Amino acid sequence: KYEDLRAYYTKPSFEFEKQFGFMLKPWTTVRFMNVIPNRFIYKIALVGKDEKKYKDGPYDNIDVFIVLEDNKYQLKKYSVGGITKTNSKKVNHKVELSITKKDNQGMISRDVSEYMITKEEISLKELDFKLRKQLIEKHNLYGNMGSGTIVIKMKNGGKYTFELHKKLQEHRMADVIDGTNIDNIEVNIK
Amino acid sequence: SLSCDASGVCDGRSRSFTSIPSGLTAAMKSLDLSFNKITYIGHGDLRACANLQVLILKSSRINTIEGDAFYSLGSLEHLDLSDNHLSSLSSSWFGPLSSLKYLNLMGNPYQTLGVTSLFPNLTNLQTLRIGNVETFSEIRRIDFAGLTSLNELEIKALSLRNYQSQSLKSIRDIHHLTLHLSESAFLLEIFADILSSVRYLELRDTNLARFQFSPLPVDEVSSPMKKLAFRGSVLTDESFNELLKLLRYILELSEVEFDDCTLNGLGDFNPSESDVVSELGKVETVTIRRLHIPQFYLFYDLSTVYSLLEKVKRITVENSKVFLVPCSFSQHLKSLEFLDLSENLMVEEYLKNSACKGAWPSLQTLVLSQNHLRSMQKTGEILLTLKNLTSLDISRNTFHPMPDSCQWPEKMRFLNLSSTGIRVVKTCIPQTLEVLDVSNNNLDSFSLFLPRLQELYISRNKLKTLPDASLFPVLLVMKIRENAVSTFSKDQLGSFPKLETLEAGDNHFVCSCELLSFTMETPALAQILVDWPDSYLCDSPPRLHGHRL
Ligand SMILES: *[C@@H]1O[C@H](CO)[C@@H](O[C@@H]2O[C@H](CO)[C@@H](O)[C@H](O)[C@H]2NC(C)=O)[C@H](O)[C@H]1NC(C)=O
Ligand SMILES: *[C@@H]1O[C@H](CO)[C@@H](O)[C@H](O)[C@H]1NC(C)=O
Ligand SMILES: [Cl-]
C-alpha cells in the first residue's frame, strides 16, 4: 500500500555546494533553475516561494538538494525545490532525533539517535527525504506501517510538520529554515 | 564602345554586345566582356587575340560556342564562363588551351560535363569550378580524367543523382575541395575517393540529419587532410556523432569548422559508450560561427564534449549567442591557449563563473570583442583567475568610464580597447602593457605613462596633439590616423628616442611655411611615415585643400 512512498524515499539523492544557478528561455509553464556542478546540467523546478524568490539571476553561492524523478517535460535530469544559501561558516550542529513507533501488534517502542546538521540554511526537502529514508531503512517505514508524523522543533517554539501517509506537498520542498535553530526532532510512526 | 589601357587590358564590361566585338588585336592581354548579351560565338570571333591571357565572359547570355572557337588562344591562362546559359559542354573547346590555369564553368544549366573528358589536355590547370544548383545531376569517372593536381576544385552538385565510384580518386592532390551537396546520400562514396588527395574539404548546404556511418576501405598511406569545414549544414546529436567517426580516416586533421550550421532535435540521444566518439585525434583548432540550437532544452550531458575538446588548443565561437561557458566545462579545457568569443552575450555576472578559479589554465589569448560587458574594473578582477593570459581584446564593448584603480593579469602585455566609447584613459590600464589599441573612441588626449609600451593604436579619436614622448620611452609603433592633428614639428618627432613607425595620414593638416620648410629639409623621415605622401593631404586654406605634400 505504501509502495510508492518507499520507492520515492529510497531514491538516490544528490547534494552540491557553492553552485552557480542560472535561468534559460522559459520553454514550459514552470521556470527552471540550472546548475552544472560537473558534467550534468541539472534542472530544478521553481515552485512555491521560489517563484517569488528567484528572478532573472544569475544566483551564485547556492546549495542544491536534488532528487531525480519521472516528469512531464521528459527531462532526464530534473529535481524540485531544495535550493538554499551555502554555509558562510562550517557547521557541525548535532541535534536529538527521537523515534516512537507503535507496531502491528499494538506494542509501543521509543528509540533515540543523533542527527547531524551541517547547513546554516536547510530546505524542508532535504530533511523530509533523508529522515524518511533513514526511517525506511532502519525502522521499516512503509513496510507494515506508513502513518504518523515528523516534527522539526525550533529553539524558539515553532514546528515544521511532515505527514508520513503521503508525499510532501510540492511547494514546501522550496521552503527553507534555519539549520542552526533546530532544537530537536520527534518521530511518531503508527 | 570599349576602352583599353596602356598594358593591353581592355574593358568591354556592361556593354550591350550581342556578339564578340570586331577588330580585336594580338596586342590584347586581357579582355573583360562581362555583363553583356553575346548569344553566339563563332569560329573566328576570337582568332585575332592570339596573345590573350585573360578571358572573362562572365554573366553574358552565351548559349552556343563552336568547337574550335578557342583554337588560337594558346596563351590563355584564365577562362571564366560562369553564369552563362551553356547547357552542353564540348571537349573541343579546351583542347588548345594548354596554358590554361583557371577555368570556371559553374552556373550553367548543363546536366553533365558531357560524354567526353573536357580536361585531359589542361596540363596547367590549378583551379576548376563546375556544377549548378538545379540541374547538374551526375559525376562519372571520365569527368575529371587527366587531372593530376589542382589547388582549388569546386563542385556544385546540390541536385546530384549519381556518382560513379572512384571518380574523384584519380586526382592525386587537391589543396582545397569545395562540395555543394544537399543530402548526405553520396558523402561516404565521395569521401572515400578523396582521402589521399584533399588537403582541405569544405561541405556546403548539406543536410546531414540522416547521415549514417559505415566502414570505408582502409588504405596504404595517411590522409593529407589538415582542415575540414562544414558550412550551412544541419545536424542532430545522433548524426554529429556519426560524422566524428570519419576522423579515423583523417588522422592528420588539425582544424574543424562549423559555419552557419543548425543543430536540430531535442537534447537526448543516450547511446552506449561504444558509439560515442571521445577522441578528436590531432585536432587542435575548432572554429564555430553562427551556430543555431533551436531547442537547447532536453540536452543535459555535457561530458561527451569534455573528451572532444580535451586536447584542443584553439577555440572560436563567434556570433552564436553564447552567454556562459560553465565553470566545470572551463576547467576541463586544460590545453586551451586561444579562445575567441566575439559577438556573443557575455556579461561580468556570467563571466565570473566562466573564468572561475581554475578555468582555462593554459589560456594565453582571450577575445571578448562585441559582447555585453559594461565594466572594465570588474572584468579585470574577474580575469585574474587566468595566470597565463597575455593578450586581451575587449573591443566593441560599451564600457562605463574606467576608474583610477584596476587589477589585471600579471602577464597581460596586449590590450584592445578599440570602440569602447571611452573619453579618457586612466591608471586602470596596467604598466605591464606592451601593445595598446584605443582606436575608434572619444579621446581628446592621452597622458598615461606606460614604460613598456612598444605599440600604440589610437586612430579615429580626437587628439589634436601627438602625445608626449616621455609617456613612452620605448615606443616602436604609433598609428594615429583619422584624428585631429595638423602640425608635427621636428622637436616632437625626434622626441621619441626609439620610434620607428608613425601613421599620421588621412588627417586634417594646416599648411604653413613653418611646416613645409621642415618637409623639404628632411625628407629622410619618409622612412618613418607610412603611406607618405599618399594620405597626407592638406585642409587649409581652400587653395591647398585636398592637395598632397
Ligand atoms: C582591435 O580590435 C579591432 C576590432 O575589434 C580591430 O580593428 C578592425 O576591426 C574590423 C572589424 O570591422 C576588422 O575588419 C579589421 O580587420 C580590424 N583591424 C584593422 C587593422 O582594421 C583591431 O585590428 C584590433 N587591434 C589589434 C591590435 O589587433
Ligand atoms: C600556466 O600554463 C602552464 C602550462 O603548462 C600550466 O601548467 C599552469 O597551470 C598555468 N598556470 C600557472 C600559474 O602557471
Ligand atoms: Cl539568459
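Quick notes on the rules
- Residue labels here follow a simple count from 1 along each chain's written sequence instead of the entry's numbering, which may differ, and residues missing coordinates are not shown.
- The order in which chains are written sets their letters, starting at A; the order in which ligands are written sets their numbers, starting at 1.
- Just so you know, side-chain values use all the structure's heavy atoms and leave hydrogens and water out.
- Residues with missing side-chain atoms are left out of burial classes, side-chain pairs and their counts.
- UniProt positions are given in the numbering used here, feature names are shortened, and annotations may be inferred rather than shown by experiment.
- Each residue is tested against the molecule or strand, and it is near if at least one of its non-hydrogen atoms lies within 4 Å.
- Identification of polar contacts relies on pairs of N or O atoms within 3.5 Å, with a donor-acceptor requirement for protein atoms, meaning one able to donate a hydrogen and the other able to accept it, and with residues adjacent in sequence counted only if both atoms are side-chain atoms.
- In this description, accessible areas are obtained by the Shrake-Rupley approach with a 1.4 Å probe, and a residue is regarded as covered only by the protein chains that are shown.
- By the convention adopted, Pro, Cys, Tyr, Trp, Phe, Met, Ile, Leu, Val and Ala count as nonpolar, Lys, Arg, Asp and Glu as charged, and the other residues, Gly among them, as polar.
- Any two residues whose heavy atoms approach within 4.5 Å are treated as being in contact.
- Reported buried area values correspond to the accessible surface (1.4 Å probe) lost by two parts on association, with both partners' losses combined.
- The salt bridge definition used is simple: a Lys or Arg side-chain nitrogen within 4 Å of an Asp or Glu carboxyl oxygen.
- Here a helix means four or more residues in a row that DSSP labels H or I, a strand means two or more in a row labelled E, and each is numbered from the N terminus.
- Residue exposure (1.4 Å probe, protein chains only): buried if accessible area is under 20% of the type maximum, exposed if over 50%, otherwise partly exposed.
- The definitions used throughout rest on a 1 Å grid laid over the protein atoms alone, on which a cavity is an enclosed set of points accommodating a 1.4 Å probe that cannot get out and a pocket is an open set flanked by protein within 12 Å on both sides along at least five of seven lines; lining residues are those having an atom within 4 Å of a point.
- Grid points are joined across faces, edges and corners, and a volume is the space filled by probe spheres set on the points.
- The set of buried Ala, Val, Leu, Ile, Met, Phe, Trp, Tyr and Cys residues whose side-chain atoms join them within 4.5 Å is what this entry labels a nonpolar core.

Header annotation of the entry names X-ray crystallography as the structure determination method and lists the resolution as 3.200 Å.

The name the PDB entry assigns to chain B is Toll-like receptor 2, from the organism Mus musculus. In the PDB, the title recorded for this entry is "Crystal structure of the SSL3-TLR2 complex". UniProt, in its Sequence similarities section for chain B, records the words "Belongs to the Toll-like receptor family."

Going by what the PDB entry lists, chain A is known as Staphylococcal Superantigen-Like protein 3 and is assigned to Staphylococcus aureus. Quoted verbatim from the Subunit field of the UniProt record, the comment on chain A reads "Interacts with host TLR2 (via its extracellular domain)." Its UniProt record, at the heading Sequence similarities, says of chain A: "Belongs to the staphylococcal/streptococcal toxin family."

### Observations regarding the site of ligand 2
Residue and element names in this part refer to chain B. By nearness alone, every residue bordering ligand 2 is listed as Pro 361, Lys 387 and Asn 388. Between an oxygen atom of ligand 2 and a side-chain N or O atom of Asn 388, the distance comes to 2.2 Å. Relative to its unbound accessible surface of 350 Å², ligand 2 loses 34% to contact with the protein.

### Regarding the site of ligand 1
All names here are of chain B. Close to ligand 1 lie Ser 369, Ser 395, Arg 396, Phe 414, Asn 416, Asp 437 and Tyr 457. Here an oxygen atom of ligand 1 sits 2.4 Å away from a polar atom, N or O, in the side chain of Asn 416. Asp 437 is positioned with one of its side-chain polar atoms (N or O) 2.7 Å from a nitrogen atom of ligand 1. For ligand 1, whose unbound accessible area comes to 580 Å², protein coverage reaches 36%. Looking at side-chain class alone, the shell around ligand 1 contains two nonpolar, three polar and two charged residues.

### Remarks on the interface of chain B and chain A
Facing the 17 residues of chain B at the interface are 20 residues of chain A. Counting the surface lost from both chain B and chain A, the interface buries some 1,700 Å², and carbon and sulfur atoms represent 66% of this. Where chain B meets chain A, there are two salt bridges. Two residues, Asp 268 of chain B and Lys 76 of chain A, come together in a salt bridge whose shortest N-O distance is 3.3 Å. At the junction of chain B with chain A, the criterion picks out eight residue pairs in polar contact. The leading source of residues in the side of chain B that touches chain A is helix α5 (residues 348-354) of chain B, at three residues. Here the side of chain B that touches chain A is composed, by residue class, of ten nonpolar, four polar and three charged.

### Observations regarding the pattern of salt bridges
The tally for this structure, following the rule as stated, stands at 38 salt bridges over all chains. Salt-bridge contacts for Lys 130 of chain A lead to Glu 126 of chain A; the nearest nitrogen and oxygen are separated by 3.5 Å. Here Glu 126 of chain A and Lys 130 of chain A lie together in helix α3 (residues 124-139), a separation of four residues that amounts to about one turn. A relative accessible area of 6% places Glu 126 of chain A in the buried class. Connected via shared salt-bridge partners are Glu 202, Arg 204, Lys 227, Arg 231, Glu 257, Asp 259, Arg 289 and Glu 318 of chain B.

### Brief notes about empty space enclosed by the protein
All names here are of chain B. The volume enclosed by the largest cavity comes to roughly 140 Å³. Along the walls of the largest cavity sit 14 residues, with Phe 488, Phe 518, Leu 525, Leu 529 and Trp 532 positioned nearest its centre. Grouping the constituent residues of the lining of the largest cavity by class yields twelve nonpolar, two polar and no charged. The computed volume of the second largest cavity comes to approximately 60 Å³. Forming the walls of the second largest cavity are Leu 466, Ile 480, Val 485, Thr 487, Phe 488, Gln 492, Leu 502 and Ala 504.

### Brief notes about the nonpolar core
Residues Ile 155, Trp 360 and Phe 446 of chain B are the most contacted members of the largest nonpolar core, which totals 167 residues. Ranked by residues supplied to this core, first place goes to helix α1 (residues 187-194) of chain B with six residues. The contact partners of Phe 446 of chain B, leaving out residues within four places of it in the chain, are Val 425, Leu 436, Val 438, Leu 456, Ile 458, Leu 463, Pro 467, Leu 471 and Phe 472 of chain B. Membership of the second largest hydrophobic core comes to 33 residues, among which are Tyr 8, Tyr 9, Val 95 and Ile 185 of chain A.

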